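Right, one structure below, let's go through it.
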Amino acid sequence: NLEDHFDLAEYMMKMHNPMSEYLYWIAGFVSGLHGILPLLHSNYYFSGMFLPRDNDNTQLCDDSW
Amino acid sequence: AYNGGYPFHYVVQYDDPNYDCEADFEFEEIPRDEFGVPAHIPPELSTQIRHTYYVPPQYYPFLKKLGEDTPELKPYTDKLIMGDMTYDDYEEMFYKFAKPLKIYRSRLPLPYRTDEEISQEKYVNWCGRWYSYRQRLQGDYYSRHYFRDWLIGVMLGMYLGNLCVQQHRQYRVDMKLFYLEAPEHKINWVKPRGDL
Amino acid sequence: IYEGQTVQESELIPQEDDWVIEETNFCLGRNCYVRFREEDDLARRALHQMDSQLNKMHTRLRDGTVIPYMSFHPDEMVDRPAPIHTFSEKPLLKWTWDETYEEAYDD
Amino acid sequence: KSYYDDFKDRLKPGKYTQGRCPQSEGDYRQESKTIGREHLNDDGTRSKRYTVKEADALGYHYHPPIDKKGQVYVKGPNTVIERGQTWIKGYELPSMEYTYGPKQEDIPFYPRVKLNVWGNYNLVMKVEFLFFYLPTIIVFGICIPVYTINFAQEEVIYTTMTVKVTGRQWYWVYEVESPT
Amino acid sequence: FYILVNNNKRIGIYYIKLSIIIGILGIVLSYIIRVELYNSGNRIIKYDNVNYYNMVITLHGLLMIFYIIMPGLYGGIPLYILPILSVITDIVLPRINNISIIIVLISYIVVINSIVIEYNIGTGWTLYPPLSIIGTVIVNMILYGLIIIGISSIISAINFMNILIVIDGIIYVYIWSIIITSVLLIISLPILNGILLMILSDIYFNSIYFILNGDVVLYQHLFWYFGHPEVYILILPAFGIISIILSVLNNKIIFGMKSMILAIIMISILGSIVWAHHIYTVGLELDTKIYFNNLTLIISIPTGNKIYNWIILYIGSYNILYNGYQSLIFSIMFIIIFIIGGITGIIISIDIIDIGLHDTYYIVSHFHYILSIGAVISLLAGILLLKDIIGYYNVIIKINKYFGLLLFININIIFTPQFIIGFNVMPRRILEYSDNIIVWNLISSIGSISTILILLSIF
Amino acid sequence: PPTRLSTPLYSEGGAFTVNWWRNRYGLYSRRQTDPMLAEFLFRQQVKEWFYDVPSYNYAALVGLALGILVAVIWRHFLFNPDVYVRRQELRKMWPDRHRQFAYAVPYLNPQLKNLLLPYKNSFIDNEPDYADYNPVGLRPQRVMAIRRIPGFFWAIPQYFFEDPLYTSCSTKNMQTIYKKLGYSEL
Amino acid sequence: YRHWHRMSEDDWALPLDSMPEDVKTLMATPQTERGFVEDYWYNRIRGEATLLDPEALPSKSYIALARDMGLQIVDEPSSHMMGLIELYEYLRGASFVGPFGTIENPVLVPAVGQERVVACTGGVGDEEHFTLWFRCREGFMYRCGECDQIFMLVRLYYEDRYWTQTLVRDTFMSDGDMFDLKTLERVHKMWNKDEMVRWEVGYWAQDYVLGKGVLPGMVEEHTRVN
Ligand SMILES: CCCCCCCCCCCCCCCCCC(=O)OC[C@H](COP(=O)([O-])OCC(O)COP(=O)([O-])OC[C@@H](COC(=O)CCCCCCCCCCCCCCCCC)OC(=O)CCCCCCCCCCCCCCCCC)OC(=O)CCCCCCCCCCCCCCCCC
Ligand SMILES: CCCCCCCCCCCCCCCCCC(=O)OC[C@H](COP(=O)([O-])OCC(O)COP(=O)([O-])OC[C@@H](COC(=O)CCCCCCCCCCCCCCCCC)OC(=O)CCCCCCCCCCCCCCCCC)OC(=O)CCCCCCCCCCCCCCCCC
Ligand SMILES: CCCCCCCCCCCCCCCCCC(=O)OC[C@H](COP(=O)([O-])OCC(O)COP(=O)([O-])OC[C@@H](COC(=O)CCCCCCCCCCCCCCCCC)OC(=O)CCCCCCCCCCCCCCCCC)OC(=O)CCCCCCCCCCCCCCCCC
Ligand code: HEA
Ligand code: HEA
Ligand SMILES: CCCCCCCC/C=C/CCCCCCCC(=O)OC[C@H](COP(=O)(O)OCCN)OC(=O)CCCCCCC/C=C/CCCCCCCC
Ligand SMILES: CCCCCCCC/C=C\CCCCCCCC(=O)OC[C@H](COP(=O)(O)OCCN)OC(=O)CCCCCCC/C=C/CCCCCCCC
Ligand SMILES: CCCCCCCC/C=C\CCCCCCCC(=O)OC[C@H](COP(=O)(O)OCCN)OC(=O)CCCCCCC/C=C/CCCCCCCC
Ligand SMILES: CCCCCCCC/C=C\CCCCCCCC(=O)O[C@H](COC(=O)CCCCCCC/C=C/CCCCCCCC)COP(=O)(O)OCCN
Ligand SMILES: [O-][O-]
Ligand SMILES: [Cu+2]
Ligand SMILES: [K+]
Ligand SMILES: [Zn+2]
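Dropping the structure here:
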């Protein structure tokens, strides 16, 4: 059939449902979260803070904020 | 000369009409070959024995007719009539009269070209030759030009490289004077800190 | 190394004094993204795509012969985008030699 | 000139985002009921039944195409007989304006030219030779310095003092000979 | 269907799609590093959570090599065009091709799941024992991923080697690059599997290979015996792509085709016997060091021939053709970038120079110029060349001079300072550093944040 | 390279020749299905690979690299004291391995080390002969070279007698300076 | 051809169990209406009936003899079609090497469809250039842009069908006088008598003509257990 000639015919003929693209981008977004979420979780687990304040592990001036 | 001499397909004969090599599990029947040689006569002996094809004599007039209409075929037909045709003789006859198929270019439809276009064939060939002539000459011209230009990069690289040679040259001179003359070099100066 | 086809002097002699190299344009034309019609369904858009293939185009010379789209590699010979089944008939790589046999000729 | 204005009419701006109305207004997920379109959805995409649930490669809707005589329909060429010869007229693709849109006029001229090839075999062979051995000479120039510096590292020296260093997680331990 | 498809061209797309998805996690991990290295003192990682940083660098290295670049260059483009470059219709082993991509995905899911569930610790992408064998279960999970990835790599290598049987045309330079890469995998992978099993034995079976009286340096030999062929397995497919792009986009026959083919073959032979330049600082014998140093320099000879052959492909091309296409720019950029990376490789091949530059950011910059710029740009260039054949759209990358210029400027900002930092000196795999290295680290960090912003412009 | 199959190809006798290559080239080939086609494909490969001038350069390189590779492997087994293949010495404690110790000193003094060590002064600027003297005698006493290493060492003069500061930076002069202060013995 | 596998047992002969049971209609079916199995047995029954009648062979012309055995007399049209079929089959797994193509003698590129991918490698020796691939479509005389070699596409097409061995036979072979079942019976009695069956195809064929299971031993021959 003519519809079956091209692989991924709907996408190549520009008729595909946009949800397919959204899932691909969402999948990539979820992959990225695997680096950020465990960072926050691990920081809180060992320190009790999600993120440090810059240079908070060093001596700071009295007025430092 | 293939498969160690074992043919892929060959005929086997059995003396008992109701014999089945898959159903029966008896141990007395001896299978025969296509020529009828019993299996317990080894091939190195049976292949030496001369086997010839015997057709019923009623076929002789027909075999005679084939030889006369095609004289090149007569010697093989005579062997068959006289019972002197072996399998090899039959094979020689078979392949001797096999001919290849013929393709006729005059029967091929041609792509459409007008009469005026057909008269310009020499011109287009003439243009093609000049393109090749121009192509071949330009290759020599370009090869000389660009490979020569590469020398500029070599000279440019040598000059810029020589700048760092001079810097290194001056650096070694400076280092030789550090321990001898430089006031930056100090002795009896650093004292141990001690454990905190 | 390859340096073009060899040419003999006699092959360069023209049959007329006004012959000059033909000025035929080998720019296939102006193109862009293939623009489909909203009315065409999936099947008819496939036909539209198959009719926009640059590798099916050629330039017709003055003698009726055509110089086609050509590429160094066969990657440019399949329909764009590549279909599921590309080379149904095996592409033929034509070699040339000087050998000949009598059966091909007739006197 | 502006070539976009030539085919502006063909390009009518769209109404819905991504080309579909909300599924409530029109259910594009259902298979089309139009005769001859049972393999397509309403929006024109192939239906899951045709491609997945009842795919022919899995044994559904078995229908051998080849006929008894081992033949399949083949469309013949456009044949013409003229000047005592049977000719075939090739199919020319439609104008690129129809498929792409721009009007095929004022095309820049690009002449026929044969392949750009490097000539002068004798000169070219020397260049290839240099490409190989100029890097080789550089390598040879480095080799001798490399041997010398390696030998300097492993030279046997008349040391008079030993310091033992042990690496531990995560600190360094030093052992030295105490003077008598 | 979507998962059951055996079409090689579809599977090639899946390899490219999966590499991009995994690329995001790799980019995230890379972004975490440069943010932390912006200045001395903790910025986004607690001092009490330094273990996480070690995991970030370990995964960044592993994911980018085995899950991103290798599938992209050895699985994605080859599965799409290799059967087309050959006159054959489809890949020889269709079912094996399907399982290979599925295997890659499952191993990725195992790795990322281990981040979420296991305690986060790191030992580097090289997994040197004894540190690797005294760690927690996350190290066990990472080993399973590598072994599983090894299965996909070897079966894919078997698939490409079978093309020699069925190829109905000429073996083009690109086909040679894939074939020789397959040969390297076949000879190097089994050695890797053997040593990885020994790591598991110590971790999980109470083996004592990596305790006193057992030479830990034994691991380094077997690992790097696969390690260096791996870097050559990554780059060789990139060389094949560059050869096609330069010839096609310039309408020039590839010059010295046989010299190119022999150069690829020579590199593989040399690349299999020079692994110990990764082990200069361990204290090898004098004669051993001289041998590896001498043979390592020889690898430049065949690699140099390819560079020059590429240059003459671009020289003399017609001026009328537009030269601003992204694929052409990337191909040309590769020559400029690769030379930088290779030259720095020759500098660190001299073992006495390497004594100062081992385990420093000079080595980081060395392999980033080759991989993060060169290999990525080659993969980008190949995908761009095949845009019409592949048929993807909804991006502005084909003619985008801003993207090429900004990418080139900013990636150079990231990694040029790292050469300078190497002499300063800053060790690798380090979170904190002395205050006097901040300026150069700050400049590279500004480069990293800038590059990520540029990627958003393609859409 | 002939272009007609009628003209034979010259072949020598031995294990790597045209005849030897023809016999084995088509063993695994599905394309060489008849004499005419087989010869055409054979000559096509021979013309493309063996008549390519630049290809011979790579043949030289593989030979050199393999020759070095085999020699270094063989040398380690034959001469390296630390490499054991026989088991007599491994069945004894370290102090009793007299036969193995015989390899130590000769393996410590290869010819090339003696030749190239004196050229350390092409790299070190101050006290290039700091380690030349060793009274123990396991190695020869080193004497600094009189010329720079050939090649890329344009930074230093061609011969060290052209350098006005070379003698002042020698270990002997520095030892004189520091001894005069009582700073150190060396 | 080299790319074909081993000959099967069927490539030599078919089992008698494949003989159509309605022999009377089989011998009356026109050739264009006979399937592969029906055509095989029509030729074997009719061919062996004439060959097993020695007394009539010498008086039978080659045209009649060829017709009885089902062999097609060769003519320029049929020879042309068959020749191009074999060339197409050979090129499936063989190299494509031949003389340089010119306008007078274009390179012939057989194809079933309207298009086939071809590569030009130029002439011999120095004239050989890098492969230049192009799509050879019907109805155009293609000219290589580098060496000026001329290519042309030849289509194996005929009346909505592509050339095949069976198609050639049907188009050109003409059915002769209808086969007479009396000849089958006459030859059957010649070689099959008193439990000796030296003409077994005729023995089965005659049994089917008489119905099925009429001749001695045929009921036992047709009874099977599975
Ligand atoms: C490196 C980056 C930069 C790169 C730059 C360079 C790039 C150069 C270009 C490269 C191009 C390469 C070649 C491309 C070829 C494309 C071919 C193609 O399109 O094929 C057609 C193919 C399919 O089209 P089709 O043929 O129409 O398919 C029809 C379907 O088969 C059938 O239709 P259907 O509707 O029936 O579909 C079924 C559908 C059914 O759909 C639905 O039912 C959808 C329902 C809606 C769901 C939406 C998601 C909801 C999420 C909720 C999250 C909540 C979070 C709450 C948080 C709370 C916190 C407090 O789905 C399913 O049933 C299964 C879905 C499974 C997959 C999706 C998984 C998502 C992630 C899951 C994560 C799970 C995490 C768990 C972790 C737990 C750990 C313990 O297209 C796609 O799949 C989309 C591809 C899109 C990209 C195309 C290329 C464009 C160019 C590149 C753009 C840039 C991309 C950058 C990367 C992404 C960044 C983020
Ligand atoms: C002696 C003892 C005996 C004991 C007996 C005990 C027996 C025990 C049994 C054990 C075995 C159980 C399993 C049996 C499997 C059977 C297979 C079979 O025959 O299937 C036929 C069956 C045919 O289906 P059907 O019934 O005809 O209906 C199919 C549909 O009608 C339409 O057909 P379709 O095929 O087109 O539809 C399928 C597809 C259609 O939907 C789509 O494709 C959606 C459109 C695409 C959107 C873009 C996706 C992204 C781009 C991916 C590019 C690379 C793709 C590579 C190829 C696909 C790989 C899956 O949707 C899906 O199935 C999901 C697709 C998922 C794609 C994943 C791509 C990468 C995701 C990256 C995630 C990043 C975030 C990280 C965090 C999360 C990590 C998990 O196969 C399928 O189609 C379904 C397969 C479902 C099973 C998949 C299992 C996956 C497991 C993964 C590991 C999870 C472990 C860790 C969990 C962690 C969670 C966080
Ligand atoms: C004292 C001891 C003395 C011992 C004496 C021992 C004597 C032994 C005699 C051996 C004679 C061999 C005869 C057969 C020749 C080859 C013919 C052939 O293959 O027919 C095609 C045949 C297909 O038949 P076809 O239809 O005729 O093919 C048409 C073409 O495809 C269509 O292509 P085309 O027409 O366009 O082009 C034709 C040709 C185009 O190619 C050629 O003509 C290549 C010609 C040169 C080949 C090399 C010859 C040796 C050169 C001297 C080396 C000396 C080193 C000395 C070191 C000493 C150190 C101490 O194509 C091929 O050859 C395709 C196959 C190439 C496979 C290459 C695999 C990688 C190996 C490395 C490459 C060679 C580098 C040599 C050194 C380079 C630096 C100087 O191929 C196959 O059947 C494919 C099977 C694939 C199996 C793969 C899996 C095997 C297991 C792998 C294990 C790991 C291997 C590790 C390798 C490491 C490499 C670095
Ligand atoms: C694709 C990836 C890739 C590629 C191609 C290379 C190629 C090379 N690499 Fe690299 N390398 C890595 C990836 C790569 N490397 C990685 C990832 C590491 C670190 C691993 C880790 O520790 O985690 C590493 C580490 C590494 C080290 C240090 C190992 C250590 O101690 O930690 C060295 C040392 O010599 C080295 C050398 C080389 C050389 C000599 C080449 C050669 O192939 C380069 C040759 C190219 C040229 C020289 C330029 C082109 C030629 C010319 C312009 C003309 C000729 C030039 C001369 C004669 C100088 N590499
Ligand atoms: C392919 C491999 C790869 C790639 C792309 C990168 C990319 C980058 N890497 Fe690197 N890196 C490694 C492999 C890679 N890296 C390895 C192996 C190590 C050693 C690990 C160890 O220490 O053990 C390392 C180490 C490493 C360190 C040292 C960690 C430490 O020692 O503390 C740092 C620090 O900044 C760093 C930074 C970066 C940055 C900023 C980028 C990038 O941001 C540069 C610019 C790139 C982009 C902006 C993204 C472009 C898009 C893609 C790359 C995906 C494209 C996908 C397709 C085309 C399908 N990397
Ligand atoms: C305290 C200070 C906090 C400051 C926070 C500042 C945040 C700054 C963020 C800057 C980065 C922004 C990134 C934007 C990414 C855009 C991605 C994108 O375009 O996706 C495209 C993609 C595909 O779309 P099209 O290609 O158009 O498809 C149609 C057919 N072509 O779109 C989608 O898939 C849409 C959905 C994608 C997921 C986006 C949302 C993900 C979830 C985010 C959660 C954020 C939580 C924040 C909590 C904060 C609490 C304080
Ligand atoms: C301590 C454990 C260490 C890890 C152990 C992992 C398992 C062992 C290594 C992987 C096993 C598989 C190796 C590859 C086998 C050969 C593949 C190949 O090319 O064969 C082709 C041929 C199929 O060809 P088609 O695609 O059908 O072609 C059709 C057209 N003619 O392959 C097969 O038949 C393969 C059949 C089995 C599947 C093998 C591939 C998938 C991977 C299997 C992994 C098994 C894991 C077992 C782990 C156990 C650990 C104790
Ligand atoms: C690995 C250990 C395996 C033990 C096997 C025992 C069976 C022995 C027979 C088979 C193995 C071959 C070795 C036989 C050796 C016989 C003579 C002997 O005993 O030699 C011992 C001697 C050293 O022993 P020691 O005296 O203790 O050490 C002194 C200081 N190094 O051993 C050797 O030198 C020989 C060992 C190596 C033999 C193999 C060849 C070496 C060169 C390999 C080159 C590889 C590169 C490629 C070559 C290409 C060639 C075409
Ligand atoms: C039926 C088929 C059988 C095939 C079997 C194949 C076996 C080999 C497979 C590959 C593994 C090689 C063995 C591993 C060798 C490691 C040696 C090593 O690490 O030793 C170095 C020293 O080694 C060297 O000097 C380096 C030599 C390089 C050895 C390379 C061998 C393998 C090469 C394979 C390359 C691919 C094949 C090429 C074939 C020919 C190409 C033309 C360590 O030295 P030190 O730590 O200082 O200790 C010295 C004394 N204390
Ligand atoms: O590894 O270079
Ligand atoms: Cu390396
Ligand atoms: K920090
Ligand atoms: Zn040509």
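Chains as they are written, first to last, in PDB author numbering: chain 4S, 2 to 66; chain 4I, 42 to 237; chain 4Y, 24 to 130; chain 4P, 26 to 205; chain 4Q, 405 to 863; chain 4Z, 15 to 200; chain 4X, 33 to 258.
All C-beta atoms in this analysis are idealised placements derived from N, C-alpha and C, irrespective of residue type, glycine included.
Between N2 (chain 4S), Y23 (chain 4S), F51 (chain 4S), which lies nearest to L41 (chain 4S) when the distance is taken from Cα to Cα?
As a position in the first sequence, residue 41 (chain 4S) is number 40, starting the count at 1. Looking at the Cα atoms, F51 (chain 4S) is the closest of the given residues.
Just the C-alpha distance for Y194 (chain 4X) and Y120 (chain 4X), rounded to the nearest angstrom, thanks.
Position 162 of the seventh sequence, counted from the start, is the residue given in the question as residue 194 (chain 4X). Position 88 of the seventh sequence, counted from the start, is the residue given in the question as residue 120 (chain 4X). Rounded to whole angstroms, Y194 (chain 4X) to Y120 (chain 4X) spans 12 Å at the Cα level.
I'd like the list of long-range same chain contacts for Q189 (chain 4Z), defined as Cβ closer than 7 Å, with 5 residues on each side in sequence excluded.
As a first step, residue 189 (chain 4Z) must be located in the sixth sequence, where it is residue number 175. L200, listed in sequence order.
What would DSSP say about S94 (chain 4Y), mapped onto helix, strand or coil?
Residue mapping note: residue 94 (chain 4Y) aligns to position 71 of the third sequence, counting from 1. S94 (chain 4Y) falls in the strand class under three-state DSSP.
What is the DSSP secondary structure of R177 (chain 4I), reduced to helix, strand or coil?
Position 136 of the second sequence holds residue 177 (chain 4I). Reduced to three states, the DSSP call for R177 (chain 4I) is helix.
Is the beta carbon of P104 (chain 4Y) less than 8 Å from the beta carbon of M16 (chain 4S)?
Position 81 of the third sequence, counting from 1, holds the residue named residue 104 (chain 4Y). Position 15 of the first sequence, counting from 1, holds the residue named residue 16 (chain 4S). Not a contact, by the Cβ cut-off of 8 Å.
Beta carbon of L483 (chain 4Q): closer than 7 Å to some heavy atom of ligand 2?
By 1-based counting over the fifth sequence, the position of residue 483 (chain 4Q) is 79. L483 (chain 4Q) Cβ: outside cutoff for every heavy atom of ligand 2.
Residues of chain 4P with CB closer than 7 Å to the CB of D181 (chain 4I), please, in chain order.
Indexing the second sequence from 1 puts residue 181 (chain 4I) at position 140. Within chain 4P, the residues near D181 (chain 4I) are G144, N145.
Consult DSSP for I683 (chain 4Q) and reduce its assignment to one of helix, strand or coil.
As a first step, residue 683 (chain 4Q) is located in the fifth sequence; it is residue number 279 there, counting from the start. Note: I683 (chain 4Q) maps to coil in three-state DSSP.
Looking at the strands, I want to know which residues DSSP matches up with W197 (chain 4P).
In the fourth sequence, counting from the first residue as 1, residue 197 (chain 4P) sits at position 172. DSSP, once it has assigned bridges, lists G192 (chain 4P) as partnering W197 (chain 4P).
Determine, for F162 (chain 4X), whether the minimum Cβ-Cβ distance to residues of chain 4Q falls below 8 Å.
The sequence position of residue 162 (chain 4X) within the seventh sequence is 130, counting from 1. Yes, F162 (chain 4X) lies at the interface with chain 4Q (some Cβ there is under 8 Å from its Cβ).
Report all residues from its chain with a CB closer than 8 Å to the CB of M100 (chain 4Y); omit the five preceding and five following residues, and keep chain order.
Locating residue 100 (chain 4Y) in the third sequence gives position 77, counting from the first residue. Only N78, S94, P114 meet the Cβ criterion.
Taking the continuous beta strand (DSSP E) assigned at residue 163 (chain 4Y), which residues delimit it?
No answer is possible for residue 163 (chain 4Y): it lies beyond the span of chain 4Y, which begins at 24 and ends at 130.
Can you tell me which of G786 (chain 4Q), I862 (chain 4Q), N828 (chain 4Q) puts its alpha carbon nearest to the alpha carbon of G760 (chain 4Q)?
Position 356 of the fifth sequence holds residue 760 (chain 4Q). Nearest of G786 (chain 4Q), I862 (chain 4Q), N828 (chain 4Q) to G760 (chain 4Q), Cα basis: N828 (chain 4Q).
Flag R44 (chain 4Z) as yes if its beta-carbon sits less than 8 Å from any beta-carbon of chain 4X, otherwise no.
On the sixth sequence, residue 44 (chain 4Z) is found 30 positions in, with the first residue counted as 1. Taking Cβ atoms only, chain 4X reaches closer than 8 Å to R44 (chain 4Z), which makes this a yes.
For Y85 (chain 4P), which residues in the same chain have their Cβ closer than 6 Å to its Cβ, ignoring the five residues on either side in sequence?
Residue numbering aside, residue 85 (chain 4P) sits at position 60 when the fourth sequence is read from its first letter. Excluding positions up to five away in sequence, the list reads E79.
Does the beta carbon of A73 (chain 4Z) fall short of 7 Å from some heavy atom of ligand 3?
Along the sixth sequence, read from residue 1 onward, the residue named residue 73 (chain 4Z) stands at position 59. At least one heavy atom of ligand 3 is nearer than 7 Å to the Cβ of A73 (chain 4Z), so yes.
For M50 (chain 4Z), which of helix, strand or coil comes out of DSSP?
Translated into positions along the sixth sequence, residue 50 (chain 4Z) becomes position 36. Helix, per DSSP.
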